[PDB]
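Enquirer: Quick check, what structure comes out for this input:
(chains A, B, C, D, E and F)
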Amino acid sequence: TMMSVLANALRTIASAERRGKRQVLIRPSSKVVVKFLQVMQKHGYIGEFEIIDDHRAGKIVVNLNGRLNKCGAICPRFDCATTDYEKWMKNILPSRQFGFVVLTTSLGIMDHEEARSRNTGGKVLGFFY
Amino acid sequence: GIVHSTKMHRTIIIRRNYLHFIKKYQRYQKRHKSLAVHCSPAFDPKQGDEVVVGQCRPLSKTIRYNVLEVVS
Amino acid sequence: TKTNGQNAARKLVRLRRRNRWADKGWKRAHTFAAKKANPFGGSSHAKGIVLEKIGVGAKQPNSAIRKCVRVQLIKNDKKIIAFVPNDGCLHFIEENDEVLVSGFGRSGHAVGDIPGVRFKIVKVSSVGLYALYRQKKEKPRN
Amino acid sequence: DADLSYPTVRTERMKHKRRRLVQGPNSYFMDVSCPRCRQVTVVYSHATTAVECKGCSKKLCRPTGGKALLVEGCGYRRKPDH
Amino acid sequence: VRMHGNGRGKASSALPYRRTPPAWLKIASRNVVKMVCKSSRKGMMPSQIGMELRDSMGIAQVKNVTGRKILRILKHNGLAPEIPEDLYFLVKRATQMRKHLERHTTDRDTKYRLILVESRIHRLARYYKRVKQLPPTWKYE
RNA sequence: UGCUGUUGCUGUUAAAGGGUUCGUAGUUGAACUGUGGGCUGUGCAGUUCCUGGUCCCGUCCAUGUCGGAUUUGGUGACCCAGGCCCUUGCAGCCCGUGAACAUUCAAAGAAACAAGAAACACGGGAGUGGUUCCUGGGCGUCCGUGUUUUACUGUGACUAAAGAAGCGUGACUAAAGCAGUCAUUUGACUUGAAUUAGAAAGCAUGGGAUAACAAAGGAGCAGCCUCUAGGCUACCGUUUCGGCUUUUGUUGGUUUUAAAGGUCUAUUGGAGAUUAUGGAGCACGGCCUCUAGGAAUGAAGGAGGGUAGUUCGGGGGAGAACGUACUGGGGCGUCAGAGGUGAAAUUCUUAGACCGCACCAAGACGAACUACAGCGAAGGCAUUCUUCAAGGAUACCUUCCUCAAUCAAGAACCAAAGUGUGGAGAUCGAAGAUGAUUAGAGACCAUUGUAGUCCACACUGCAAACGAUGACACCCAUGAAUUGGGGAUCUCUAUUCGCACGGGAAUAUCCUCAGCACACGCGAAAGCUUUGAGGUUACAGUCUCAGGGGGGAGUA
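Expert: Numbering: from 1, shown residues only, chains lettered A, B, ... in the order given. Below you will find the coordinate block:
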């Protein structure tokens, strides 16, 4: 019973970053798991993927460069109006400098900083410091 | 709304389903309201059909609405 | 553990209504069971008549005889053993004197070393009791 | 030393078929030739059924649980995958 | 995990990535489609039809040769069974256990294994009505 | 007061996981339809040509096997390099694309066409548009004829003052107030009195990632378009006579012709997402035939189902037996004690106990093998043979295609003792009796003994029902083991046994799935660990149950 396929995905990345692994192999890839990872990769927290075809649901193989402290998923996916970036910045991120909160917006999966500038709000997905 | 039950003569009960938002817990809730709605014999809705429903003057005791359209 | 979901807000609202009753500082605020039994009936002070002067042997390792009074509340007709707060002040109280009674200050329970005494006298015949003890006013003769 | 995305021969020869990176089959078709008549029938590795020659009906294999036993020196030829 | 009872065991066919039929199959689609139906007129189910093809006749997957699964092939020819076969083999177990328990009324183990099997039937019969593949008045008895 | 916990608690031992399983309302629910391109200038990263600083080749030695050097060495290897728009990717910018593919090319994609489009095309109105708008085409208006919402988010409308936030302002300051300030008089400031928030719901309109609703369930279907010619043909309406399109000057009446549509035949051009010159039947061919059928995402280290080893097991029901033992009874012998205890005594004995052989009768029970073993949802389950339905695990390129997870209410099962009616009654044995012990002692000990213990059919549902640890899912290192099933050896290949339940059985090496068990991190500590109490203030995978100082009390 895989309820959220990000929950399973970003834990593995999280809990295999805490062990210093060079690579992680993630069980059910999905359109959201990729778009989330490609945001991690934009800011330098992950090296590379392989998305392997099983013909059913892929298997992502991520190269870790050692720079992730944590990866969450926020499970119920609460909303954000663009005025609510300050709650999430405040509660879930360590400092007001270096964290990132990842959202789904009309425009897509993007950072809370890519969202403030485009003015969309959306639903929260997770974070990474 | 959906057509809940047809058993009245020339009238019908629609249930209108909605989610209600409780602030403290930041989550939703199933709720519903049911209406007495008059169906002109032009229409023949069956249980389960979405229906468009208009405002009327009070007709029976509980009937303020009237079936405009049957969507199926 | 608890239940989590966007649409789950019944379970959460219900689950708190049920689990607050397990709370006591308020299993107190919600029971008339509290009000019927507080001989003041909810009010901060009350006036009684002095029925009887009473020594109460102090509790546990402390030895003393604490100077207490029975009281007949004028509201409720209930009877209350109240404490006379200071030196010799039981001399300012006579039987059948009207007396204003207050709590000890742990709301419904006795202040340690007087067994089961929840109330103390603040006034005797409309003159304050500490204002008589400390000498300020003279007890009106009537 | 190892990549997860390109594993060595020795690691993945060991794994369960479902635990492979791929999910492959463990089975293959053999090309079987009946001893009693010279005739050739394709036979599935794990048969799970009585399999008979077409001309003569010989019961060319046993159902046995894991991997079917071919009968009495009948010639097997293993077919390709593709 | 498992529907009723606790096993976690995992054993399944693992279908290949490569879906083109082998080179050594010289059997035309219409010759497969006719085998299916020919052997379904012998009163067979699909879950077996597909065996006699991979066992003896060497057709691994009928979708991969014939364009289509073993039931569209039957549903198109009107040979499709009246009750889905996952539902037929449960009713068939439940009834034998009902016949078992009719002599043996102290056998508690199979009185509990019914309670499971019947509760399945009512879940499938709830699926196959919702999905419209059973008549909405279908009932156990 | 994170002691009510959505943010945000706790539940092995502190208070707290229901005894187990099924299961409705409810909550939660897997993947997929989807990197748009090319051109220019400019920032990044990964084959022309030039190096000779390497290893390889070779030479000289030959050195028994750990020297070496040797030049050209050698398009070999290699390298550090270049404003090569030859490279590819990539950042940023300009800008073009009917822009995948196909299709058109006329004055600049016009027309047809492809795609989209109801915010649309298709016909129509002068009582449309400030006197019928613009330059044969085009907008505006109205009507007739022929398919998407919602949450969420952005913006915007719509909303009493006081109150709260806020701008301005020296009421002497301040709590306030909405005032005042300035010339210089016989007014000036266009005098100020801004602005914001204000659950939910309702309104309009952008966005379309994540989600929800509805529909589907795949043979439960399904339209090829187009030029022209001909033929026939009212059109609606019905209860009886009803309706009817302009033009002919107008109205009433009649009637024709004509288009329209329909329908029948005729072939003009082109399609087609599934081969008709094809399949089928009687290597080529006819003949005769019968004539739609293949266009569907996938098959989840999710669920259900199938078949196989006549696989695995103290799993469950039934029927026959079997085994020694406790007790009892005769038979057969013997003669004085036996039993029981710390020591005795109550109890049994010349009317023959104890003891010893062989049996017979009855009821229970399944020792040793028996384990940190197996099976079962838990409770529980141990002789053999037959027998009846099942159950898991494994094997598989079978089948199916979301059917699922957890669960108020509800249902079934639940050890021992109990309870009801019949049976049984060997052993043990609540109550009871007796002897000891003791200051006392029905107690603990001993000889007894009723209910009971056993069985069938009904109830009860009250355990330290324990792992004091809810269920489903994921991640997680090590060593030797173990029970099922499977695979390889027939770099590991090897041992022992030899028609008949047997091309067999067990073992060895290695792998693998599934079961019970004997580094991180966490924890108040004890300790837990791929069988979690770990991956949690860096707090969020899902459902549910219970706890909130000790008593009173699981009482009234």
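Enquirer: Near chain B, which residues of chain A are found?
Expert: A:76, A:78 (Cβ under 8 Å from any Cβ of the partner chain). Bear in mind the C-beta positions are built from the backbone N, C-alpha and C, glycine included.
Enquirer: Point out the residues in chain D that sit beside RNA strand F.
Expert: Neighbours of RNA strand F within chain D, by Cβ under 7 Å from any atom of the strand: D:14-20, D:23, D:25-28, D:44-46, D:48-49, D:62-67, D:69-72, D:81-82.
Enquirer: and these, which are buried?
Expert: Buried members of the residues of chain D next to RNA strand F, scored by 16 or more other Cβ atoms under 10 Å in any protein chain shown, are D:23, D:25, D:27, D:44-46, D:49, D:70-71.
Enquirer: what about residue D:19, which helix or strand?
Expert: Under the criterion of DSSP states H and E, residue D:19 resides outside all helices and strands.
Enquirer: Looks like residue A:88 contacts residue A:113 (just checking).
Expert: No: between residue A:88 and residue A:113 there is no contact under Cβ atoms under 8 Å: 11.7 Å.
Enquirer: higher neighbour count, the two?
Expert: Neighbour comparison, residue A:88 and residue A:113: the larger count goes to residue A:88, with 18 against 14 (by other Cβ atoms under 10 Å in any protein chain shown).
Enquirer: Tell me how far residue C:64 lies from chain A.
Expert: 56 Å (Cβ to the nearest Cβ, to the nearest Å).
Enquirer: Can you get me a residue count around the nearest residue to that residue once chain neighbours are set aside?
Expert: Closest residue in space to residue C:64, ignoring its immediate chain neighbours: residue C:58 at 4.0 Å, by Cβ to Cβ, 6 or more residues apart in numbering or on different chains. The local packing of residue C:58 (other Cβ under 10 Å) involves 15 other residues.
Enquirer: Help me confirm that residue C:58 comes into contact with residue C:65.
Expert: Yes: taking Cβ under 8 Å as the definition, residue C:58 is a contact partner of residue C:65 at 7.0 Å.
Enquirer: Can you name the residues bridging to residue C:46?
Expert: Residue C:46 forms beta bridges with residue C:101, as assigned by DSSP bridges.
Enquirer: roughly how far apart are residue B:41 and residue B:55?
Expert: 20 Å (Cβ to Cβ, to the nearest Å).
Enquirer: To clarify, my last question referred to residue A:81.
Expert: From residue A:81 to residue B:55 the distance is 33 Å (Cβ to Cβ).
Enquirer: how much space between the most centrally placed residue in chain C and residue B:68?
Expert: The centroid of chain C falls nearest to residue C:103 when counting by Cα atoms, centre = their mean (3.3 Å). Using Cβ to Cβ, residue C:103 is found at 68 Å from residue B:68.
Enquirer: who's more crowded, residue A:81 and residue B:55?
Expert: Counted by other Cβ under 10 Å, residue A:81 and residue B:55 do not tie: residue A:81 has more neighbours, with 10 against 7.
Enquirer: who's in contact with the more buried one?
Expert: residue A:121 (Cβ atoms under 8 Å, 6 or more residues apart in numbering or on different chains).
Enquirer: how about a cut-off of 10 Å?
Expert: Residue A:81 makes contact with A:87, A:120-122 under the criterion Cβ atoms under 10 Å, 6 or more residues apart in numbering or on different chains.
Enquirer: element containing the residue of chain B most remote from its centre, please.
Expert: Relative to the centre of chain B, the most outlying C-alpha is that of residue B:24, 30.0 Å out, by Cα atoms, centre = their mean. Using DSSP H and E, residue B:24 sits in no helix or strand.
Enquirer: which residues are there in chain D that come within reach of chain E?
Expert: With Cβ under 10 Å from any Cβ of the partner chain as the criterion, chain D meets chain E at residues D:16-20, D:22-31, D:41-54, D:60-61, D:63, D:68, D:79-82.
Enquirer: got a list of what the spatially most central residue of chain E touches?
Expert: Centroid-nearest residue in chain E, with Cα atoms, centre = their mean: residue E:85, separated by 4.1 Å. Residue E:85 makes contact with E:45-48, E:71, E:92, according to Cβ under 10 Å, 6+ apart.
Enquirer: give me every residue that touches residue D:8.
Expert: Contacts of residue D:8 (Cβ under 10 Å, 6+ apart): D:1-2.
Enquirer: where do the strands sit along chain D?
Expert: Assignment of strands within chain D using DSSP state E yields the ranges D:29-33, D:40-44, D:61-62, D:69-70, D:75-78.
Enquirer: any idea of the angle the first one forms with strand D:40-44?
Expert: When axes from the mean of the first three to the mean of the last three Cα atoms, to 10 degrees is applied, the directions of strand D:29-33 and strand D:40-44 differ by 150 degrees.
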